[PDB]
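Trainee: here is my input; please provide its structure:
(chains A, B and C, ligands or ions: 3)
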Amino acid sequence: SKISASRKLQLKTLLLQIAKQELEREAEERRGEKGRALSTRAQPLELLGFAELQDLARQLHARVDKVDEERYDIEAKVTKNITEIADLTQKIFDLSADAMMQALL
Amino acid sequence: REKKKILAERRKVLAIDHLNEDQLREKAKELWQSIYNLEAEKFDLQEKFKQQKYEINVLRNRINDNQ
Amino acid sequence: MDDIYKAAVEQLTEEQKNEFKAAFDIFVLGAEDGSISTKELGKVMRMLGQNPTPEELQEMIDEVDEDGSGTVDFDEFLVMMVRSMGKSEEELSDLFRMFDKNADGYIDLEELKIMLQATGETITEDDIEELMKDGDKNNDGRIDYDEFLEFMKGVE
Ligand SMILES: [Ca+2]
Ligand SMILES: [Ca+2]
Ligand SMILES: [Ca+2]
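Mentor: Numbering: from 1, shown residues only, chains lettered A, B, ... in the order given. Ligands and ions are numbered 1, 2, ... in the order given. There you are, the coordinates:
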């Protein structure tokens, strides 16, 4: 080999060493992406007039029934993906020293 | 005039259209908390959906090449 | 999983290679070719609180027999020693996506070179060469998911 296997192993270890860091960096990006997507989709509450304060609480109640349906539809898509992933993965799978050194020396 | 439509919209009336202004204060709060928590579940369910399309595509490449 | 043992063999302290050579010279006391056959590996195994069969004995000789002479010499003995001194597949899959930047499902040479430069260590023309032809075990200029698993065996 053109290089030592000790360097070859040292380079492989540094490749995963940063690939992990890019993954945690990716999680921090996704954490910020979520908070931004939540300040847009869930504009926080702030106050009212006892009469026309209610028609917003009525509007919130109708929102929950729609949000959870949108949450169900994307969930059932993730659920069907789990079925295919496990199905696809099923298809492809088919295709002592220290105790001696002391008892010697 | 639908039977299941009239009954659906009544869920608001039975839960909101009847009581206090001081309870409506601390009831409209928990109604937003439920949306925010469901909007958070929807974000994470969307993100997992993106990763599965990559997971599935990589599998479609492996199943083909290994044949 | 092979060239991870030669690295451990290369980084053996010359004070460790001395103890192994000393224990190896007791091992082979009374062997014609001065090497560990089945008699030598037999005695020290049954007297080590074990009792392997004559067939099962050879598969430990042949596991590190890069000579084929049915006898573990000292250099093969060091590999035999380091074999008894990694990364989960589920975790290596999550990292396989970080290499595949264009998200096509393979690791071409350009994606490997970008990761190598991002290591901060000085990369050479020969580091890039040997690494790619080590991972790409059918010479298609890319490393599919199944090879990347074989590529990262036991890597910390
Ligand atoms: Ca030999
Ligand atoms: Ca790629
Ligand atoms: Ca390949």
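Trainee: dump the residue contacts of the most centrally placed residue in chain B.
Mentor: Nearest to the mean C-alpha position of chain B, by C-alpha atoms, centre = their mean, lies residue B:38 at 4.8 Å. For residue B:38, the contact set (C-beta atoms under 8 Å, 6 or more residues apart in numbering or on different chains) comprises A:64, A:67-68, A:71. Using the backbone N, CA and C atoms, a C-beta is placed for each residue, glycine as well.
Trainee: these, buried ones only, as a PyMOL selection?
Mentor: A single PyMOL command selects the buried members of those (16 or more other C-beta atoms under 10 Å in any protein chain shown):
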select buried, chain A and resi 67+68+71
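Trainee: quick one: name the residues of chain A near chain C.
Mentor: Residues of chain A lying near chain C by C-beta under 8 Å from any C-beta of the partner chain: A:1-20, A:22-23, A:26, A:96-101, A:103-105.
Trainee: let's see 6 Å
Mentor: Chain A comes close to chain C at residues A:1-3, A:5-6, A:9, A:12-16, A:18-19, A:22, A:96-97, A:101, A:103-105, as judged by C-beta under 6 Å from any C-beta of the partner chain.
Trainee: how about chain B?
Mentor: Residues of chain B lying close to chain C by C-beta under 6 Å from any C-beta are B:57-58, B:61-62, B:65.
Trainee: and which of those residues is nearest residue B:19?
Mentor: residue B:57 (53.2 Å; C-beta to C-beta).
Trainee: so which helix or strand takes in the closest one?
Mentor: Element membership for residue B:57, per DSSP states H and E: helix B:21-65.
Trainee: hmm, that helix touching ligand 3?
Mentor: No. Judged by C-beta under 5 Å from the ion, helix B:21-65 stays clear of ligand 3, getting no closer than 8.0 Å.
Trainee: okay, now the domains of chain A?
Mentor: A:1-44, A:47-95 (automatic domain parsing).
Trainee: can I get the ones you listed in a markdown table including distance to ligand 3?
Mentor: Formatted as a markdown table, the domains of chain A follow (distance: least, C-beta to the ion, whole Å):
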| stretch | distance to ligand 3 |
| --- | --- |
| domain A:1-44 | 17 |
| domain A:47-95 | 15 |
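Trainee: can I get those domains in CSV including distance to chain B?
Mentor: CSV is the format used below for the domains of chain A (distance: least, C-beta to the nearest C-beta, whole Å):
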stretch, distance to chain B
domain A:1-44, 4
domain A:47-95, 4
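Trainee: is it possible to get a markdown table of these that adds distance to residue B:21?
Mentor: Putting the domains of chain A into a markdown table (distance: least, C-beta to C-beta, whole Å) gives the following:
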| stretch | distance to residue B:21 |
| --- | --- |
| domain A:1-44 | 21 |
| domain A:47-95 | 4 |
